[PDB]
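Only one chain is shown below, in structure tokens, and it's the form deposited in one PDB entry.
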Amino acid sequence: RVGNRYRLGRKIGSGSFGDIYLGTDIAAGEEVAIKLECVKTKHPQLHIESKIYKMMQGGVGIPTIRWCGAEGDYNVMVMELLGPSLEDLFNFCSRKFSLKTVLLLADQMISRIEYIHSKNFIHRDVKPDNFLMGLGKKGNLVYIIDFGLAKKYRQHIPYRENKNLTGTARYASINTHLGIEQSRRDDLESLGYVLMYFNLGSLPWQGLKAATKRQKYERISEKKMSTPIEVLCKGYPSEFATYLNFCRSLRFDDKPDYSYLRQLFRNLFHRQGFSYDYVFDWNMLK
């Protein structure tokens, strides 16, 4: 049905482009994820994205690419199957994660972004939907997915005001709202909003009354730029505000101090007396 040995299953959703299906590797007896893209699409991207995954073969928490080709009306990318997204798991946990789960996630999510940056790419759409847990023996590993909006950042790319937002407004950095070209800092500031999102259940710039699309964006930018970090993070450990302030202070072409940021949450993890056993909130559902 696909690539001689793959059976296409049911659609499970969409990425930044193309649609994702469940499938079966018939020869290996393993479930897989299959991404489809119309061959006649005006802006073909799937083969571009597969090159990025291929170049990240072997990275921790990077999905493995099993096959990439064309079939009928589609370009096809077959991937090892991953588990639920962090948004799915957040909902399954009643939109509340324990501090321990947030810190376990933060440690891995910072490392995933650092790895992407070490390969000269910026992700540009850091959000809960793009982090998936592994399945089975890899169920303790947070994976990052979807490089459809990713961009090579290096010789660093020049300072620019590449207007218009490509990623999601909810987690976009303030500099993105100002129309500045995204760089490494912006992936990390976005992660900072995702972590407070997990702590709060929502962000203060969600659900703002707006009539049209452009107005909706204005309201989000204005609320985000008028909400002090200390107000956003009030009631939660100071490390989250320290993290966001550090990212907001980074210069366009600065290499972030990833280790410092991981050690921030690590020291908190230790002061709480938590055990680093990968027992996340959802693992405790009976």
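Rigid core: the largest C-alpha set superposing within 1.5 Å between the two forms. Each residue number is its position in the shown sequence, starting from 1.
Keep in mind the form solved in complex with a partner chain is missing from the figure; the text below concerns it.
Remark: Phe17 counts among the residues lining the partner chain in the deposited bound form, judged by a heavy atom distance of 4.5 Å or less. At the 4.5 Å threshold, heavy atoms of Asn164 reach the partner chain in the deposited bound form. The partner chain in the deposited bound form is approached by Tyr217, whose closest heavy atom lies within 4.5 angstroms of it. Among heavy atoms of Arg154, none comes within 4.5 Å of the partner chain in the deposited bound form. Of the residues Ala169, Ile174, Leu141, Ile180, just one reaches the partner chain in the deposited bound form with a heavy atom at 4.5 Å or closer; this is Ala169. Listed stretches are 240-248, 254-262, 217-225, 50-58; the contact stretch with the partner chain in the deposited bound form is 217-225, by a heavy atom cutoff of 4.5 Å. Once both forms are fitted on their core, the CA shift for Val60 between the shown form and the other one remains under 2 Å. The Cα shift for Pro228 between the shown form and the other one, taken after rigid core superposition, is smaller than 2 angstroms.
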